[PDB]
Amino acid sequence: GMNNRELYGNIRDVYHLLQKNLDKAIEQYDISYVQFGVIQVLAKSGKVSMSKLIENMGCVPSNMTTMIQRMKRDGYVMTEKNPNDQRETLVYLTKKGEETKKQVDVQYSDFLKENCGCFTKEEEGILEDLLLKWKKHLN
């Protein structure tokens, strides 16, 4: 009902304020949350496939191939055809992108503190329980 609808709305609003505030925080590095996400994904995993990257993206945009090409010319990522399967593209961080991650992690750390630090320790425990209960229900 209106209680369920009000809850869906509150969770989206908080999520959207968090992306807005993260984008503000990483602004200086000429990247947005979407490019930042790719850099985080590609640092953890090694040289993965385009498909693996799309799968590992928590949220996939409506222009991945275009968006990666932009990152390719910018010098953050490098793409190459897999010598085994010619219809597959492997993607990985360049030295510059590796260095860009290091520099952005400092602003990201500050982002999490300044934006996810408003609750008391008691409230954090309550919020954690409730959000994990919600995950189990949805998957």
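Residues carry their position along the shown sequence, with the first being 1.
Next on the checklist: Test of understanding: from the entry's C-alpha B-factors, which stretch has the higher mean, 48-56 or 22-30?
Outcome noted: The stretch with the larger average C-alpha B-factor is 48-56.
Checklist entry - Considering only modelled residues of the same chain, in which third does the CA B-factor of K81 rank: lowest, middle or highest? => result Highest third, going by the recorded CA B-factors of the chain.
Item to check | CA B-factor placement of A43, once the chain's modelled residues are sorted into thirds | outcome: Its C-alpha B-factor belongs to the middle third of this chain's values.
Checklist entry - Among the modelled residues of its chain, does the C-alpha B-factor of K102 lie in the lowest, middle or highest third? => result As the PDB entry reports it, the C-alpha B-factor of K102 lands in the lowest third of its chain.
Checklist entry - Sorting the chain's CA B-factors, does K95 end up in the lowest, middle or highest third? => result It falls in the bottom third of the chain.
Item to check | Chain third (lowest, middle, highest) by recorded CA B-factor, residue given as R73 | outcome: According to the entry, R73 has a C-alpha B-factor in the chain's middle third.
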